[PDB]
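# Pasting an experimental structure with its sequence.
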Amino acid sequence: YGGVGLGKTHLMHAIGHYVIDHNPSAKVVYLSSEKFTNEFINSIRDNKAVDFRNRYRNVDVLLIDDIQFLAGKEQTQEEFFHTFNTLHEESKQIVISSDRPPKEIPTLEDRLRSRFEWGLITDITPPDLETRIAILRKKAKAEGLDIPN
DNA sequence: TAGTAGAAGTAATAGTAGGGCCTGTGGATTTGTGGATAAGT
Ligand SMILES: Nc1ncnc2c1ncn2[C@@H]1O[C@H](COP(=O)(O)OP(=O)(O)OP(=O)(O)O)[C@@H](O)[C@H]1O
Ligand SMILES: [Mg+2]
C-alpha cells in the first residue's frame, strides 16, 4: 500500500519479470481489480464461470492492482476470497497492491481483512530529494540525454 | 433425467405577490404675518 505514483505497479511488474526470467514454466498473471471484476461479471453473464475459475485458480503467481476497487462490491469480493483461498491452499503466490492498508478498506468482510493481514504488509512513502534526483538521473540515462546537475 | 450460484454502475431546474402599524424624526408646504412699495389724492 502507498500513495499514487509511488512505484507499486513498477515493483510487481518487476516481480513478474523476475519470476518469468528465472523460471519460464511459471504462469505469472498480472491484472487490476477493475479487470478482475469485469471478467468475473462477463463470465457470469455468458456462462463462462468455469473458464474464469480455470484461468484464475491455476496461476503460479497472481498480481493485483488497487484492490480498493473491490470495496462496495459483494460478489466480486466473495469470488476473490475464494480465488485467494484456492491459491493459498495450492501453495501459490499472491501479491496485492492498494493505496490504503486493509484495516481501513471500507465494506470489506472480516475474512478478507484477516487474509490480507496474514502475510507481510509493506508501505510506500513519498520519496526524498536524493532519490528524486536519482530517479530523474535513471530516466535521463535510459532515454539518452545529458542534463546539468 | 432431475437437477445452479451469481453484478458494478448517472450529470443534471427556472421559478412568487403579499402583512398594519403601536411608534417617530426630517423636512416641505402652504399658508397667515409682517414688511416693502406704488399711487393718488
Ligand atoms: N524508485 C522508484 N520509486 C517509485 N517510482 C519509481 C521509481 N523509479 C521509477 N519510478 C517510476 O514511478 C512511476 C510511478 O508509476 P506506478 O505505475 O509505479 O504508480 P503506482 O503508484 O504504483 O500506481 P498504480 O498501481 O495505479 O499503477 C513509474 O512510471 C515508475 O517508472
Ligand atoms: Mg501505472
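Yep, that arrived. Residues are numbered from 1 along each chain as shown, chains lettered A, B, ... in the order given. Ligands and ions are numbered 1, 2, ... in the order given.
# Let me see the contact set for the nearest residue to residue A:126 once chain neighbours are set aside.
In space, and not counting its chain neighbours, residue A:126 is closest to residue A:3: 6.0 Å by CB to CB, 6 or more residues apart in numbering. C-beta here means a position set from N, CA and C on the backbone, and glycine is covered the same way. When contacts are counted by CB atoms under 8 Å, 6 or more residues apart in numbering, residue A:3 touches A:99, A:124-126.
# Now, of those, which are buried?
Neighbour counting by 16 or more other CB atoms under 10 Å classes residue A:124 among the contacts of residue A:3 as buried.
# Going by distance to residue A:65, which of the contacts of residue A:3 wins?
Within these, the smallest distance to residue A:65 is 10.3 Å, found for residue A:99 (CB to CB).
# before we move on, what SS does the closest one have?
coil (DSSP: H, G, I helix; E, B strand; the rest coil).
# Quickly note the distance from it to residue A:128.
Residue A:99 sits 20 Å away from residue A:128, going by CB to CB, to the nearest Å.
# How is the residue minimising distance to the centre of chain A assigned, secondary-structure-wise?
Centroid-nearest residue in chain A, with CA atoms, centre = their mean: residue A:64, separated by 2.3 Å. The local conformation at residue A:64, judged by three-state DSSP, is strand.
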